[PDB]
Amino acid sequence: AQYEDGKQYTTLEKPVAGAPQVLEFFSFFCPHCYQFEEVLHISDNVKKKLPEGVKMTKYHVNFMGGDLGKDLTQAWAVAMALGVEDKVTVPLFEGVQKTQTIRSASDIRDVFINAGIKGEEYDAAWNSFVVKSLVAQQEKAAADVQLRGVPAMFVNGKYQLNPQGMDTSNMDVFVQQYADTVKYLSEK
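Using the deposited numbering, the first residue of the sequence shown is number 1, and each one after it goes up by one.
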């Protein structure tokens with residue numbers, strides 16, 4: 001076939017029921033994740049090729065960056081609850097990996113403030129049990145699929161994208177192959 005299990009994707013030995021249709025995992029500490037966000041715009045190109053009725057989910061993970069890694073998972077929960085993902089993703093990536101100005105939860109908080117979320121609104125969210133449950137959801141989704149590496153994308157809880165098996169000489173061609181694979185898997 002043109003698409004082959006073990007080539008553009010792998011199949012989960014343990015399929016996950018009731019999983020999000022397109023589920024992406026990342027870490028703000030993850031160097032390919034930075035590329036995926038700022039250079040490749042993977043999420044946006046996948047979306048442009050997906051059908052109507054397809055929701056896309058993106059979760060942060062704990063297993064990189066120790067204590068700050070966990071703060072970031074909680075901050076991403078805050079971003080999701082407030083619907084401000086698109087305002088904080090770039091400055092969080094840059095603060096962790098480019099300027100290295102994010103060293104504590106307070107520094108994470110500063111990113112949100114500078115992005116225009118009010119302190120009182122941020123702190124209230126940070127401490128809310130709605131955000132506690134969003135943190136639980138992120139952890140459970142990653143646990144369900146035995147997740148030990150990022151970036152990762154899972155389609156319908158049974159297929160896992162395999163970017164290692166795609167050409168990387170041309171960045172644009174890589175992104176479309178990736179997005180076209182997600183579409184293929186989606187229609188499967």
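All C-beta atoms, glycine included, are put in the ideal place defined by N, C-alpha and C.
Discussion item. Whole angstroms are fine: how far does the CA of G119 sit from the CA of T10?
Written reply: In the sequence shown, counting from the first residue as 1, residue 10 sits at position 10. In the sequence shown, counting from the first residue as 1, residue 119 sits at position 119. C-alpha separation (whole angstroms): 43 Å.
Worksheet item: Nearest CA to the CA of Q35: which residue from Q97, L82, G6?
Response: Locating residue 35 in the sequence shown gives position 35, where the first residue counts as 1. The shortest C-alpha separation from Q35 is found at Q97.
Practice prompt. Using the DSSP secondary-structure output, state which residues sit across from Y159 in a beta bridge.
Written response: Mapped onto the sequence shown, residue 159 falls at position 159. In DSSP, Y159 forms a bridge with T11, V155.
Worksheet item: Per DSSP, what kind of secondary structure is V90 in: helix, strand or coil?
Response: Residue mapping note: residue 90 aligns to position 90 of the sequence shown, counting from 1. Looking at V90 - three-state DSSP - the assignment turns out to be helix.
Worksheet item: Would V78 pass as a contact of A125 if the rule is Cβ separation under 9 Å?
Response: Here residue 78 is taken as the residue at index 78 of the sequence shown, counted from 1. Here residue 125 is taken as the residue at index 125 of the sequence shown, counted from 1. Against a cut-off of 9 Å, the Cβ pair of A125 and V78 comes out as a contact.
Fill in: Best match in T168, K70, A17 for proximity to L134 [C-alpha to C-alpha]
Here residue 134 refers to the residue found at position 134 when the sequence shown is read from its first residue. Nearest of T168, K70, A17 to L134, Cα basis: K70.
Practice prompt. Using beta-carbon positions only, say whether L92 and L68 come within less than 9 Å of one another.
Written response: Position 92 of the sequence shown, counting from 1, holds the residue named residue 92. Position 68 of the sequence shown, counting from 1, holds the residue named residue 68. No; because the gap between Cβ atoms is not below 9 Å, this pair is not in contact.
Worksheet item: Apart from the five residues on each side of it in sequence, which residues of its chain come closer than 6 Å, Cβ to Cβ, to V54?
Response: Counting from 1 along the sequence shown, the entry for residue 54 is found at position 54. Here the set comprises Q21.
Discussion item. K58 and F26 - do their beta-carbons sit closer together than 9 Å?
Written reply: Along the sequence shown, one-based indexing puts residue 26 at 26. Along the sequence shown, one-based indexing puts residue 58 at 58. Yes, they are a contact pair.
Practice prompt. With DSSP as the reference, label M64 as helix, strand or coil.
Written response: The residue you call residue 64 lines up with position 64 of the sequence shown. Coil, per DSSP.
Worksheet item: Expressed to the nearest angstrom, what Euclidean distance is found between the alpha-carbon atoms of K132 and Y122?
Response: Your numbering for residue 132 matches position 132 in the sequence shown. Your numbering for residue 122 matches position 122 in the sequence shown. Those two C-alpha atoms are separated by around 14 Å.
Worksheet item: So, helix, strand or coil for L82, using DSSP?
Response: To locate residue 82, count along the sequence shown from 1; it is residue 82. It is helical.
Discussion item. Quick check: what's the CA-CA separation for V111 versus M64?
Written reply: In the sequence shown, counting from the first residue as 1, residue 111 sits at position 111. In the sequence shown, counting from the first residue as 1, residue 64 sits at position 64. Rounded to whole angstroms, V111 to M64 spans 20 Å at the Cα level.
Fill in: Same chain only: Cβ atoms within 7 Å of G165, ignoring 5 sequence neighbours per side
Within the sequence shown, numbered from 1, the residue matching residue 165 stands at position 165. Once the five neighbours on either side are set aside, the close Cβ partners of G165 are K7, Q8.
Item to complete: Might you give, ordered along the chain, the residues of its own chain that have their beta carbon closer than 8 Å to the beta carbon of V16, omitting 5 neighbours on each side?
Response: Residue mapping note: residue 16 aligns to position 16 of the sequence shown, counting from 1. For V16, where only same-chain residues beyond five positions count, the Cβ hits under 8 Å are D144, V145, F154, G157, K158.
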